[PDB]
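Presented as structure tokens, the chain that follows is alone, the form solved without the ligand.
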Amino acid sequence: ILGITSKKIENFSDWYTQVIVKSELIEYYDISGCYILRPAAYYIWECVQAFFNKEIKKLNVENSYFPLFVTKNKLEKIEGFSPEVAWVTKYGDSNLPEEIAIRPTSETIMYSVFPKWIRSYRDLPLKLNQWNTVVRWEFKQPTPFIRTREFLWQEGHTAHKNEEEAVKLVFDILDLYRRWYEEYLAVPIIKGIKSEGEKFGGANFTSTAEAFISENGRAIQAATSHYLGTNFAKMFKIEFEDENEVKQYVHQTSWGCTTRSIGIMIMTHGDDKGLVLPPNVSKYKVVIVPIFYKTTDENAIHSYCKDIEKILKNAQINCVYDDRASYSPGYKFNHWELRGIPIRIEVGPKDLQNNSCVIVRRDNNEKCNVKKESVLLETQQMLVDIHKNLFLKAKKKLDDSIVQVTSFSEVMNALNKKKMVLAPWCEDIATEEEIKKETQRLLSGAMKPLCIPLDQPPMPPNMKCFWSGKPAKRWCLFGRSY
């Protein structure tokens, strides 16, 4: 009912349920894989959505909105997906003439019109984005935020005269996804390129951002940015008149990130007292709680607290003053801790006498006293350090989850020990399923290749692939995955 009753290590999954619900982030729903986002949760989405929008306007990306529905034949104009499509069949009691499908992505919808908007080089680059929801009916069991059947996302689609233009933006968007996670969610991600076997069917290459849940040792795709080259341009006959009057195919990118990011954050920073929010995604930065008992204290406290509130708010630091008389101080402590509020300020008699108050960080529970005069400044610096600390703890933790090894058995040791592994690899696609099905022999417990990180350690000259025996091309991250 109230309090988290499962240790994050002991039942991590029951923990997650308890946290997301009891923190007022979500509510479950009578349709599997769909979840209600209460304001505490949606606020987080809005914050990142603001950030991302800001950043893509600088790349002249423009928002837009395409329809939620797509027709059978249009949709089937990408591979291995059709069993995941939800079909609208009727309206009221009337069967529709043809099935129509709910968007799982907007490629087919959008790219059918592109040729119409793109006749010449003067038309390029074309840069669109959507904030919409999409629907995929997925076999693997749904889990709030991480794998949802409906989900909010942003989906970006661009088209350019040439690769230099296009690829450059791919990596531009990838960095924005890093910042999304690091500057806002304080979640560290590793940028990489996916393997041929795991990359997006219609992409030249898929660049990715990868996170890792230490507790169950599962990696997770945090965001995705593709160079598509001309693949879709061939499929939808999207062409332009060159600066010389030769017809050309366009070079496109698509990229997207979803509410999954919210789940990643929760899993990262959440603890046994409950939700822990980086301040940049919590409406309330501070909760002010009075702690006193003699009735004589009552007016003078209500004031001191109301004063402290005034200071913060003036400074555009939103906060709550829990002054409710029918709740124990410990109720209030637990409650706001659980809800993720970064800072509690405690006000009692010893602080009025002393012109001060106790501040307490949500991230690690250090308390201090600070003279009222300098509360504003100390609160601001605190909030920053809480971000600094949440992030840095999470990067120390990520790094300890990554073991660099060279042999197959070193690999299995690491995998058995809930790690993810950095290993030399030849990159032959034929090895991927072998490696998957054969590790799974010792949610799916196979070792997937996650991403070939951009930041490569050096490659010894004779270094062999840990599986093929073939000489290894580059270091790749492998792990069990969400």
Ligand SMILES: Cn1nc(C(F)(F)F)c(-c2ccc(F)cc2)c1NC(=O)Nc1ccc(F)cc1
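Whichever C-alpha set is largest while still superposing within 1.5 Å between the two forms counts as the rigid core. Only residues modelled in both forms are compared. Residue numbers here begin at 1 and follow the sequence given.
Is it the case that, in at least a third of the other entries compared (those modelling both flanking residues), residue 415 has no coordinates?
No, residue 415 is modelled in every other compared entry.
Checking the other entries of this protein that model its neighbours, is residue 87 missing in at least a third?
Residue 87: unmodelled in a third or more of the comparison entries.
Residue 119 to residue 120: deposited residues without atomic coordinates:
According to the record, the chain runs unbroken from residue 119 to residue 120.
Select one of none, 1 to 3, 4 to 9, or 10 or more to describe the deposited residues without coordinates separating residue 36 and residue 37.
In the record, the chain runs straight from residue 36 to residue 37 with none unmodelled.
Per the record, averaged over C-alpha atoms, which has the higher B-factor: 367 to 375 or 208 to 216?
Per the PDB entry, the higher value belongs to 367 to 375.
Please compare 85 to 93 with 219 to 227 and name the stretch with the higher mean C-alpha B-factor in the deposited structure.
The entry gives the higher C-alpha B-factor average to 85 to 93.
Criterion, highest CA B-factor; candidates, 105, 129, 314, 282
The record points to 314.
For the listed residues 253, 389, 259, 355, which one has the largest C-alpha B-factor as given in the deposited model?
Largest recorded C-alpha B-factor: 355.
Consider only the C-alpha atoms of the modelled residues in this chain, order them by B-factor as the entry records it, and name the third containing residue 294: lowest, middle or highest.
Highest third of the chain for residue 294's C-alpha B-factor.
Ranking the modelled residues of this chain by C-alpha B-factor as given in the entry, is residue 46 in the lowest, middle or highest third?
Its C-alpha B-factor belongs to the lowest third of this chain's values.
Hey, what third does residue 331 fall into on Cα B-factor, ranked over its chain?
For residue 331, the deposited C-alpha B-factor lands in the middle third.
Hey, what third does residue 123 fall into on Cα B-factor, ranked over its chain?
Answer is middle: the recorded C-alpha B-factor places it there.
Lowest, middle or highest third: where is residue 148 by C-alpha B factor in its chain?
CA B-factor rank for residue 148: lowest third.
Here the subject shifts to the form solved in complex with the ligand, a form of this protein not shown in this document.
Open site or blocked site for the ligand in this chain, with its pose taken in the bound PDB entry and fitted by superposition, and blocked meaning 3 or more ligand atoms within 2.4 Å of backbone or C-beta?
In the bound PDB entry, the ligand occupies a site that, on this form, turns out blocked once the ligand is superposed onto it.
At 4.5 Å between heavy atoms, is residue 127 in contact with the ligand in the bound PDB entry?
Looking in the bound PDB entry, residue contacts with the ligand do not include residue 127, since no heavy atom lies within 4.5 Å.
According to a 4.5 angstroms non-hydrogen atom cut-off, is residue 259 in contact with the ligand in the bound PDB entry?
Yes, contact at 4.5 Å.
So in the bound PDB entry, does any heavy atom of residue 266 sit within 4.5 Å of the ligand?
So residue 266 counts as contacting the ligand.
Heavy atom to heavy atom, is residue 123 within 4.5 Å of the ligand in the bound PDB entry?
No, residue 123 stays farther than 4.5 Å from the ligand in the bound PDB entry.
Going by heavy atoms within 4.5 Å, which of 266 to 274, 243 to 251, 384 to 392, 321 to 329 lines up against the ligand in the bound PDB entry?
So the stretch in question is 266 to 274.
Out of 37, 47, 59, 426, which one falls within 4.5 Å of the ligand in the bound PDB entry, going by heavy atoms?
Flagged contact: 37.
If the cut-off is 4.5 angstroms on heavy atoms, which of these, 160, 191, 302, 149, is the one near the ligand in the bound PDB entry?
Exactly one listed residue reaches within 4.5 Å, namely 149.
Quick one: 184, 286 and 312 and the ligand in the bound PDB entry, is every residue within 4.5 Å by at least one heavy atom?
Spot residues vs the ligand: no contact at all.
Looking only at residues in both forms, which consecutive runs of at least three have C-alphas displaced 2 Å or more between this form and the one not shown after fitting the rigid core?
Shifted segments: 68 to 71, 106 to 108, 149 to 151.
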